[PDB]
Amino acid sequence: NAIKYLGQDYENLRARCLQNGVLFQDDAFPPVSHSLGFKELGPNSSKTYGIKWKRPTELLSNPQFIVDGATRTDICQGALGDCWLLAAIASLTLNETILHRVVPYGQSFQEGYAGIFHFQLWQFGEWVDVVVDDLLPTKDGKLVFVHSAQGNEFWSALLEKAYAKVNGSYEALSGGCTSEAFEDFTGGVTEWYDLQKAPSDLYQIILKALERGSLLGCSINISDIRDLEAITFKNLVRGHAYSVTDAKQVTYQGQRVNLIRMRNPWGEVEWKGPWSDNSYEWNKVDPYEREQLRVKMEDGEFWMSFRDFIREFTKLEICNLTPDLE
C-alpha cells in the first residue's frame, strides 16, 4: 500500500535492470556533487576532496546487506552531523517489527541484485517506498558516512543514503532533531522531557515506553555553538544525539538503583562516570545482573544511574508507536 516516492517503482525498476543486464542508476539522486551538498559538502570543500561514489561490489568481493541482524552496532557515524538520524536508526533496531517495515526483508547483493535497494519512510501522513542505487561516497575505499562495525555490511549506509535522498542531499542531514527521524520511521508522536524538570514518575515512564517498543533518545542542550560536540569532563558529547537503549534496576549493596542505558551513534566515546563499563559500581551488584547487563566493550553504549542521567543530560524524547488519530 506504500506510495511510490517520485513514482519510482522498486520491483519494476529492478526487473528492467535485470532484463537489460544493467545496474540501476538513480536519476532522482545521482552520484554527483549536488547529492553531497553545497556548503560544507560543497564541490570545492576539502571535506569532499577525493570522494568517489562506489557500489559495495566495487569495494570488496562479498558485500552483504545484513550480517547477523540489522542491530545498533551497525550504526557508526561518519563525517556528517546526522547524529539525530543515526540515534533514531539505532533505537529503531530494538523493535524487529518496525525495523523491517523501514528496511524490508529479502534484500541482497546476490538473488535479484541489480544495484537498487528500497526503504519505507512515513512522510506527510503516508508510508512511501524510496529506492536508491547502491553507489555510496567513499574515500580511499572506505565509506565516508555511516558504516557498520561489520566492514562488509551495507543496509545502514543505504538507509542513510535514502534518508539523505528524501531531504535532497547528505548535507541537509547535518544538524537536526531525533524526533523528526523517530516520526519518519514510525508514524508515532513524540513527547519530550526537560530532565531538570522531570516528573517524579519519569523512570516508570521510561520503563513502560521501552517495554511497549517506543523509541527513546537523549541529548545535552547547548546554547552556544562553540559547545557543539564538545566532550565533557566525564566524556559525554554536547549538542549530540544519543539513543536510549534500555532501563534496568540493579541490586547495589542490597539497595535498588535505577540505571539507564544509552548509545553514542559514533559507536565509540562513552561515559566514564559511575556505572561505566570498567566502573567500580559493578563489583557491588548481583552477579546475575552484572553478567546480564554489563558488557566491557568500546562500542559507544554504556550505563548511567538515572540520578546522574537526569543531572548530565538535559532532554529526553519518547516516540510512541501507536498515537491517537488527531
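One rule holds for the numbers: they count along the sequence shown, beginning at 1. Throughout, rigid core stands for the largest set of C-alpha atoms superposing within 1.5 Å between the two forms.
- Of 155-163 and 220-228, the stretch whose C-alpha atoms sit farther from the shown form in 7 other deposited structures of this protein, after fitting on the rigid core, is 220-228.
- When the other structures are laid on the shown form by the rigid core, the stretch among 36-44 and 277-285 with the greater C-alpha deviation in 7 other deposited structures of this protein turns out to be 36-44.
- The stretch with the higher mean CA B factor, choosing between 201-209 and 80-88, is 201-209.
- Look at the mean CA B-factor for 138-146 and for 224-232 in the entry; the higher one is 224-232.
- When the C-alpha B-factors of 246, 160, 153, 191 are ranked from the entry, the top spot goes to 191.
- In the PDB entry, the Cα temperature factor peaks, among 168, 115, 104, 254, at 254.
- Placement of the Cα temperature factor of residue 125 within the chain: highest third of the modelled residues, per the deposited record.
- Residue 270: CA B factor lies in the lowest third for its chain, per the PDB record.
- Remark: residue 183 belongs to the middle third of its chain, ranked by C-alpha B-factor as recorded.
- Sort the modelled residues of the chain by CA B factor and residue 51 lands in the highest third.
- For residue 196, the recorded CA B-factor ranks within the middle third of the chain. Only modelled residues enter the ranking.
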